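Everything below concerns the one structure shown next.
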Amino acid sequence: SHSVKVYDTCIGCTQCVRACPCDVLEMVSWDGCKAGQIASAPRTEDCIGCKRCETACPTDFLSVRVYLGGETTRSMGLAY
Amino acid sequence: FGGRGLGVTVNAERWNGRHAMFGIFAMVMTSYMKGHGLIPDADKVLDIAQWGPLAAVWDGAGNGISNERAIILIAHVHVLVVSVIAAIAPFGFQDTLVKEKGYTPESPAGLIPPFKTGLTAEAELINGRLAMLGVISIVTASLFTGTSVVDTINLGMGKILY
Amino acid sequence: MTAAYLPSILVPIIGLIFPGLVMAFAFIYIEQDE
Amino acid sequence: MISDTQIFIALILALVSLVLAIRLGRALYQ
Amino acid sequence: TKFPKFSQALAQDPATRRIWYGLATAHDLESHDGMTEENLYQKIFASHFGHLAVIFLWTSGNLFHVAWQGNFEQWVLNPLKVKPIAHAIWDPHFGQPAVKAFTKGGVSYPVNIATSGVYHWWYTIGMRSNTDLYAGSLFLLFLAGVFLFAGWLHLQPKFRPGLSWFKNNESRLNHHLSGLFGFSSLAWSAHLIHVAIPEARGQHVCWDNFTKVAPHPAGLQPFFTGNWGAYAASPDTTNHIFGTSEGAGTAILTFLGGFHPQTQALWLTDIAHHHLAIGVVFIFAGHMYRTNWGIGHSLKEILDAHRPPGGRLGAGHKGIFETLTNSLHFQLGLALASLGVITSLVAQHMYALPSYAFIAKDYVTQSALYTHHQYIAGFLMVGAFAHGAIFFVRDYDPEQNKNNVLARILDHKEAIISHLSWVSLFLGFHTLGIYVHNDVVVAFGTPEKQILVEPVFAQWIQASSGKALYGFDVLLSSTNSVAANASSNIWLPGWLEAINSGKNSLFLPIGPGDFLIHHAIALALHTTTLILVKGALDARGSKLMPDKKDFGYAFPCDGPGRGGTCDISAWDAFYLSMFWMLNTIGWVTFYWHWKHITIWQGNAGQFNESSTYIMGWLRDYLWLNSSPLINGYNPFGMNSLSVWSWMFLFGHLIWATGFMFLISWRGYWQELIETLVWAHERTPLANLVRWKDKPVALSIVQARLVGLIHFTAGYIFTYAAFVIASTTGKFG
Amino acid sequence: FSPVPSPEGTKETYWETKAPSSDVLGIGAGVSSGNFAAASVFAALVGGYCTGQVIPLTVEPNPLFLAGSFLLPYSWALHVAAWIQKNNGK
Amino acid sequence: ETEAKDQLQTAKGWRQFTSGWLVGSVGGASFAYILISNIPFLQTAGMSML
Amino acid sequence: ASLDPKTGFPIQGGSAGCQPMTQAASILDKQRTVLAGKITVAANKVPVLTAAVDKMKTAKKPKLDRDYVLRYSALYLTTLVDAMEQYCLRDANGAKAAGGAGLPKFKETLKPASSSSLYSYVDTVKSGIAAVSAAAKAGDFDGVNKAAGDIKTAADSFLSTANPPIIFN
Ligand code: CLA
Ligand code: CLA
Ligand code: CLA
Ligand code: CLA
Ligand code: CLA
Ligand SMILES: CC1=CCCC(C)(C)[C@H]1/C=C/C(C)=C/C=C/C(C)=C/C=C/C=C(C)/C=C/C=C(C)/C=C/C1=C(C)CCCC1(C)C
Ligand SMILES: CC1=CCCC(C)(C)[C@H]1/C=C/C(C)=C/C=C/C(C)=C/C=C/C=C(C)/C=C/C=C(C)/C=C/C1=C(C)CCCC1(C)C
Ligand code: SF4
Ligand code: SF4
Ligand code: SF4
């Protein structure tokens, strides 16, 4: 699977989760940012590696970071 | 691979034994066969015009395979097609070259199998080990002494073949 | 040429049997799981 | 010129080199 | 599911990508699962012994195939007229016209004519018969077996070297300088003095008589008295016929200089004295480092103490010792940069100063050897920068390298890269502009208007070495000079004869075309360096991707965000610079080959007038010399250049096929493949057969590599077919 | 990544002072700066003389003048050592 | 490897299929050889009538 | 029973059993068949020179190639003499030339190649080398041809009186 990380520079804008086509990311409560929430990745096995979450990230360096790793049928986007 | 009867197994020992007994027969038979000139047009060099570029050899004289060598090769091709058909589609009773993955490997014969005068497996293995050694003995004897392998076969048996 | 028979004997073996056999074995090894 | 026996000696030594190559490749592969 | 046994991430991939990536990552032992440093260095050691053996099997094969199928004994009788045979052809696809067309070389069978020069090398070093070429082939088969057994043996538990052994820098340097470089150069002098020198003079010396045949008539008594100049007395006369006793001297060590007048090669006594000098020098250099007896240098102490007190290098080389030793990629990069420069020296010095008898009249061999070693040079130099990029990504620790030369190179990475960008642009704009100026003016019927700039600096260098063509009267060219007077008694008479004579490639005449092409090569070397340096320096990060190090050396991209990040990895700058390497070695070998074929005709002025504009390069080099090559077969027959005629088209095909992988990218191909997966599953009588691995399109990085390989292979095969067939067909 | 070995007796030679410590001179660490400066001038004169007397090189050069001609580059390292020793108070 | 051989998509069944395919293919090739050798029209491309 | 014309190896096997364990041949006899085979190769390459000189003479403008004649002499004629001298050495002194006195060295302290019954043929071949070179300098095509023929007769005579044992081994 791919490995998806969220760094503590996340402002909790929820945009990376909305971008996610594969329900990899979700919002959890976090007191670090003003929004009271940070992104989380409890479903990186469904991560295809599209990196749409990275594009939606408005932080200077993407708080969400996809690291392409081992490929599976799910992470390869194979309908066969 | 090894779990199918391939490698240094008694199945391989038996199969190479069968091939070496046949090979000793074939070497004796071709020695007798070309000693009396019973291979037709043995020296006749095959023409590339009929057979194509597979017939070329590059020997300075003739530049082609001889008819004798082609005939022995065609005999070998006959038993190779038998070999492939027996390997992939064996008989119901025949021993198979590639044993099923889950099989019981036959016990190794040891230094000497028990002697049975009939058409037994033990007799096959003894003769097969002797014939494989015999193939090495003739091939080395011919190599060492600078004689044709047909000639050393004839010399060992006291020139009975020719 | 001395041993002129050897190019006729080896070039088809090395050029057809060798790849065929090693491709067959390589195919079996890459596909196999255990 | 090279004899057929000389070519056979070269083929023997290259077979010994092939066996040592197999043994090194199996050792490197573990 | 178990083929990449070194990679569980690939061995669980259900696609065809697993096979490709397991094949492509096989030799990257550092990335293998559960890899310790002990096991890494011990597998590299054993696989280095396997490379040693492959080289020896390759050399034994060349010797065996020439001893068996070549015409070496016919060639050594008459080396200027007989064409050397590489090996015979047994091809069952040949027609009888093809069999007849390849039956040259004085033999009765089809053959390839050797362009490798091995006949000239084996002739020069002593080999006379097929029996000793075969004996060399046998000895190399034995050595290949010895090094295969050594590779297996040093994988055995008691014989496994420790990491302390693998990083003993001082003992390895002492032994490689004094034993591997120096003593084997000294032993090579012994081979020349004991074997090659007597057999160049007609006297056979083999293992059968070499302990009872003295190389010198006096014989090891002048050496053990200090009367060393007695070994230079009575050199080979100018009447010497190589291989025979007529005109032969008795000297075994000389500094005559220039070339043997018949073979047009360097004197073998000069070569024997060269390896004796360079041997003693390297042996002395191999006593530099401290190993076990308290004398010598510690490499750590030398590197730590070389920080200039002005502070301009920062901490200097503090910590460079550890970085080098711990980083196999830093070592590979130093080794490959060093080796790439040498094989460029090999290419440049072997055409201008040939060492082999009757080569430099084998124009095909000279062209093939130069082209071969320059392409090897470009590959080694690009790989050196590649492994410097891999070093920065994988092995470079900034904390261990604080304010070093390495940190301070990264600190000004933008000054380095922007000034390489400037010099590349500078040279490119002007060199192309002058070339286009020349093309436009010549096209407009005004060749005089061409901007032709004389290569005065290089001509001054030629004159400084004694060329009298330009009338500089500098150093050696001036008869009454300190430099000229000093070498007059030793090497200058021969060198002046060699340089001034126009029969050799030593300091070939240079004019405006030479200037323009040298500037083109400067643009190419600077631009390949720009791409490679930009890749190495930005390997660990950039403004576009700050955390690039975390992704590795070879990754596809960071996605379409931040504007687009295609070809952002350091591997992708290797990929892009590989085209620039091919382009520069193209410019170098096109220049070398065109200048040499024009000189070899006796028509050097045709290069002098046509090389200053690009249509001269197109019509007078590529189009004019294509005609023997592309007529290797036609509807009127074929000749022995048909194979190069077929290879030339084959190179054009591979090269163009590479464009498919480089222009068309993955999403198109994955959508094709999904329709093929549908079609196979829906086709009756065919859906009985199922793939074990799901067919996927090639990866982004993999297709860049596949297109690069196809581009490169097409480049090599096209040019090799051209440089060999045009020179063979023309013979001049 | 693993301990990198160095020969026994390897000591620290990194310096940021005016001159390196005399330990960078190895076996010449105890030589006075006057002794290096005099050896440096002596080596420069004898090396330059021995070099000069065999500038037209013959097939019979004097081996002592060849060996003595090696003192000219050796004199360079000698005066660098002289500078290091004077700036260490030696 | 499974005990059942009644289907092609089994190890034993595909081995039986391969066995049959070899015997059939060599026999069919032989049958074609016998027929073409015996019949002159088959030796030509259908131009024997012409 | 004889030595191959080109490769020079033993040709046919034809208690003095040829097989290695039972071989009755000495290492001296095996060295003698090696030397005799080398003599055979060098002597059988004399027709090649004769053919080349005939091609040179029948050309439209004929010139003797001193380089070819001298290089052939250096490659084969000098080799033929050295092989014959070694056979004479082994015939005269005996086992000592086979390594019985040690490594080949100066002052080997063994009976010379001269004083051998077969040495006179070696003198004939040495005269042939001198004639081949003298004719090549002179430009005399016929001289090279006859001189090579003299060498060929001498080498064949050497082998006939030598009666070398052929060790197939
Ligand atoms: C590695 C160098 C090398 C190369 C490139 C070749 C190339 C060739 N050889 Mg071989 N050969 C070599 C060494 C080599 N030879 C050596 C050292 C010997 C002495 C034993 C021979 C003996 C030999 C014979 C007797 C014949 C050839 C022939 C041929 C030709 C057809 C191929 C064939 O039948 O191979 C057969 C070759 C062998 C059975 C010997 C093994 C060759 C080497 C030792 C293998 C080394 C492999 C390499 C180092 C790495 C392998 C891995 C690689 C795939 C990455 C071809 C031109 C045939 C020929 O001339 O036709 C025109 C032929 O009949 N070769
Ligand atoms: C590199 C080595 C090599 C060699 C030695 C050959 C040899 C041959 N090829 Mg070539 N071929 C090769 C590579 C090679 N091929 C490659 C790489 C390609 C693709 C570009 C081709 C494409 C090609 C075509 C398109 C044709 C040939 C043909 C031929 C045959 C020559 C014509 C003749 O006399 O017909 C006489 C030929 C025969 C009587 C056929 C003999 C059949 C053999 C002996 C049976 C072998 C059993 C098989 C190998 C089992 C292997 C199983 C596997 C595990 C290895 C001959 C068998 C022609 C042909 O097939 O001939 C009919 C032909 O039409 N070849
Ligand atoms: C005298 C002692 C000695 C010698 C001879 C060697 C020799 C070698 N060692 Mg070393 N080694 C030694 C002691 C020694 N070792 C010690 C003491 C240690 C422990 C501290 C090591 C530790 C060590 C390691 C860890 C490794 C080696 C390796 C090697 C091999 C280098 C690969 C190669 O082919 O380069 C050959 C290089 C040359 C012949 C010189 C290069 C010539 C330059 C580049 C240009 C000259 C061009 C010239 C004209 C040549 C022309 C050729 C002709 C065609 C014209 C080489 C055989 C490596 C290897 O491959 O393992 C087997 C390796 O990994 N060694
Ligand atoms: C007049 C404005 C200007 C100035 C002062 C510079 C200054 C510099 N540029 Mg250039 N550059 C400019 C415009 C300018 N740039 C433009 C418009 C482009 C896009 C084509 C570039 C592209 C560019 C590259 C690609 C490179 C530089 C480099 C450099 C540096 C080396 C000097 C050199 O060789 O120039 C070289 C100049 C060029 C290659 C392009 C010239 C572009 C035209 C001629 C100038 C534009 C005129 C502008 C419209 C004036 C309008 C003002 C008017 C309204 C009053 C230096 C910092 C090099 C560097 O980093 O080396 C240290 C380098 O590699 N520049
Ligand atoms: C003929 C083919 C060609 C040409 C000319 C170039 C040109 C260049 N390449 Mg490219 N490249 C090519 C093929 C080519 N490449 C290929 C096939 C590859 C493989 C992918 C690469 C990969 C590559 C990389 C990876 C790099 C380059 C770099 C460079 C520059 C190197 C020379 C330089 O710095 O200044 C020379 C400048 C020129 C030759 C430009 C010509 C000047 C123009 C034509 C002025 C004309 C004005 C005119 C009025 C325009 C009319 C337009 C009309 C519509 C009005 C330059 C822009 C490097 C770079 O940018 O360094 C700074 C770099 O990093 N190239
Ligand atoms: C890339 C590669 C992979 C893994 C890592 C690696 C190991 C380091 C590397 C090395 C690869 C290497 C080094 C590969 C080396 C490959 C080699 C050397 C192959 C040699 C093959 C020789 C053959 C088959 C000759 C057989 C002769 C015969 C049967 C003659 C027999 C006989 C005749 C007729 C006469 C005598 C009697 C008999 C015995 C009867
Ligand atoms: C990218 C990368 C990252 C970090 C790690 C890394 C691997 C190290 C690195 C790679 C770096 C790489 C790949 C570096 C490549 C570096 C290269 C190729 C350096 C070339 C150096 C050549 C020199 C200094 C020639 C000097 C000639 C002279 C002085 C001749 C003098 C003369 C003589 C004697 C004779 C003639 C007269 C004159 C002219 C006077
Ligand atoms: S987008 Fe970047 S910032 Fe907005 S939530 Fe997802 S991670 Fe946190
Ligand atoms: S990569 Fe595509 S899938 Fe994986 S997390 Fe970012 S958005 Fe969701
Ligand atoms: S195009 Fe291919 S490479 Fe360029 S960004 Fe999108 S994915 Fe990465």
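Here chain A follows Swiss-Prot, giving residues 2-81 in order.
Placement of Cβ uses the backbone N, Cα and C atoms for every residue, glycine included.
According to Swiss-Prot, the feature domain '4Fe-4S ferredoxin-type 1' maps to A:2-31. The [4Fe-4S] cluster 1 binding site annotation in Swiss-Prot covers A:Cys11, A:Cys14, A:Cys17, A:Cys58 and rests on sequence analysis. Among the features that Swiss-Prot reports, [4Fe-4S] cluster 2 binding site is placed at A:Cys21, A:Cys48, A:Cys51, A:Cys54. Residues or ranges marked as domain '4Fe-4S ferredoxin-type 2' by Swiss-Prot on the basis of sequence analysis: A:39-68.
Features as recorded by Swiss-Prot, highlighted on the structure.
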| residue | record | DSSP (3 states) |
| --- | --- | --- |
| A:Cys11 | [4Fe-4S] cluster 1 binding site | coil |
| A:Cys17 | [4Fe-4S] cluster 1 binding site | helix |
| A:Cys48 | [4Fe-4S] cluster 2 binding site | coil |
| A:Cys54 | [4Fe-4S] cluster 2 binding site | helix |
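Among the binding-site residues A:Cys48, A:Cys51, A:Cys54, the ones whose Cα sits within 10 Å of the Cα of A:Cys17 ([4Fe-4S] cluster 1 binding site) are A:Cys54.
Within the same chain, residues at least 6 positions away in sequence whose Cβ sits under 8 Å from that of A:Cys54 ([4Fe-4S] cluster 2 binding site) are A:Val5, A:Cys17, A:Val18, A:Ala20, A:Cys21, A:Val25, A:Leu26, A:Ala40, A:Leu63, A:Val65, A:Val67. Reported as a whole number, the C-alpha separation between A:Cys58 ([4Fe-4S] cluster 1 binding site) and A:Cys51 ([4Fe-4S] cluster 2 binding site) equals 14 Å. Here the Cα atom of A:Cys14 ([4Fe-4S] cluster 1 binding site) is found 20 Å from that of A:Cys48 ([4Fe-4S] cluster 2 binding site). On its own chain, A:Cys11 ([4Fe-4S] cluster 1 binding site) has A:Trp31, A:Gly33, A:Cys34, A:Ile39, A:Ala40, A:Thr60, A:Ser64, A:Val65 as residues at least 6 apart in sequence with a Cβ closer than 8 Å to its own Cβ. Note: A:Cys48 ([4Fe-4S] cluster 2 binding site) has non-local neighbours A:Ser2, A:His3, A:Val5, A:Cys23, A:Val25, A:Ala42, A:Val67, A:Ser76, i.e. same-chain residues 6+ apart with C-beta under 8 A of its own C-beta. Those same-chain residues not listed among A:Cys11, A:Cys14, A:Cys17, A:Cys58 yet with C-beta within 8 angstroms of the centroid of the [4Fe-4S] cluster 1 site C-beta atoms are A:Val7, A:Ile12, A:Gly13, A:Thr15, A:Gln16, A:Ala40, A:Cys54, A:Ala57, A:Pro59, A:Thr60, A:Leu63, A:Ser64, A:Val65. Taking A:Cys17, A:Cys21, A:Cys48, A:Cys51, A:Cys58 as the candidate binding-site residues, the subset whose CB lies under 6 angstroms from any atom of ligand 8 consists of A:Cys17, A:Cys58.
Those same-chain residues not listed among A:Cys21, A:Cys48, A:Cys51, A:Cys54 yet with C-beta within 8 angstroms of the centroid of the [4Fe-4S] cluster 2 site C-beta atoms are A:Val5, A:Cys17, A:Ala20, A:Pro22, A:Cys23, A:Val25, A:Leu26, A:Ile49, A:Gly50, A:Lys52, A:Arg53, A:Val67. The most densely surrounded of the binding-site residues A:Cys14, A:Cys21, A:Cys58 is A:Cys58 (count of other Cβ atoms within 10 A of its Cβ).
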